Amino acid sequence: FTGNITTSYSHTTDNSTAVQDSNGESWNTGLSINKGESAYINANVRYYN
Amino acid sequence: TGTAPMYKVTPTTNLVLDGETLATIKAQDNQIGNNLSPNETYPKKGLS
């Protein structure tokens, strides 16, 4: 009939370093319109007599 | 190219591009020629 009791203690010290490099590109397109004055009209006309 | 001079020359011009008239412009103060003798030009021969 065997038995055993164990007690343990541990201490850990850690140091770390890190370097990150990032590059990115972006492309946007946009379109806006006014609902009051949306377009202009030109009329080609001739007079008669 | 006529026989008489013209004073205060105010031409009207149509600007046409591919069958469409872009604008019809009448000469204003900056574009009015004071004198235009027959067989002559405004601006004169030696000018731009």
Side-chain angles (χ1 to χ4, degrees):
Chain A
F1 291 17
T2 88
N4 169 296
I5 301 135
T6 308
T7 307
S8 82
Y9 168 82
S10 206
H11 177 76
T12 301
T13 314
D14 162 89
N15 279 282
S16 316
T17 189
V19 180
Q20 179 174 71
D21 282 290
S22 292
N23 285 93
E25 271 189 279
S26 54
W27 309 268
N28 285 292
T29 48
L31 188 72
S32 46
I33 190 54
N34 184 15
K35 309 280 225 217
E37 303 208 340
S38 309
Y40 298 118
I41 48 165
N42 180 10
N44 290 358
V45 300
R46 202 185 297 268
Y47 307 152
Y48 298 82
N49 197 337
Chain B
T1 59
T3 49
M6 208 193 230
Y7 303 88
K8 225 198 155 156
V9 184
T10 314
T12 310
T13 64
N14 274 341
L15 294 172
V16 181
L17 170 71
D18 200 41
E20 308 181 334
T21 305
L22 301 139
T24 301
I25 320 282
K26 179 199 167 63
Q28 295 300 330
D29 264 358
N30 281 345
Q31 287 90 24
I32 280 158
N34 294 341
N35 304 86
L36 186 54
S37 275
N39 299 320
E40 296 192 15
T41 64
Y42 175 71
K44 305 262 200 146
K45 199 210 194 101
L47 301 170
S48 296

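Chain A is the first sequence line, chain B the second, and so forth, proteins listed ahead of strands; every chain is numbered from 1.
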Look only at the side chain of A:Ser26 and the backbone of A:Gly24, and say whether a donor-acceptor pair between them is shorter than 3.5 Å. no
Would you sort out whether A:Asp14 and A:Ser16 count as a side-chain hydrogen bond (donor to acceptor under 3.5 Å, both in side chains), showing the intermediate values? CA-CA 7 Å; A:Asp14 162 89; A:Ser16 316; 3.1 Å; yes
Write down the atom of B:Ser48, the atom of B:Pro43, and the distance for their closest heavy-atom approach. O-CG, 3.2 Å
Which atom of B:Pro38 lies closest to which atom of B:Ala4, heavy atoms considered: CD-C, 3.9 Å
Gap between atom CD1 of B:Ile25 and atom OG1 of B:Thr12 - 0.5 Å precision: 10.0 Å
Under a plain distance cut-off of 3.5 Å, with no hydrogens placed, do A:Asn4 and A:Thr6 share a side-chain donor-acceptor pair? yes
Atom of A:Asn44, atom of B:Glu20 and distance for their closest heavy-atom approach: ND2-CA, 4.0 Å
Rounded to the nearest 0.5 Å, what separates atom OG1 in B:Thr13 from atom NZ in B:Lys26? 11.0 Å
Nearest heavy-atom neighbours spanning B:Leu36 and B:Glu40: CD1-O, 3.6 Å
So which heavy atom on A:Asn42 is nearest to which on B:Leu22, and how close? ND2-O, 3.6 Å
For the OG1 atom of A:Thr7 and the CD1 atom of A:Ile5, what is their distance to the nearest 0.5 Å? 8.0 Å
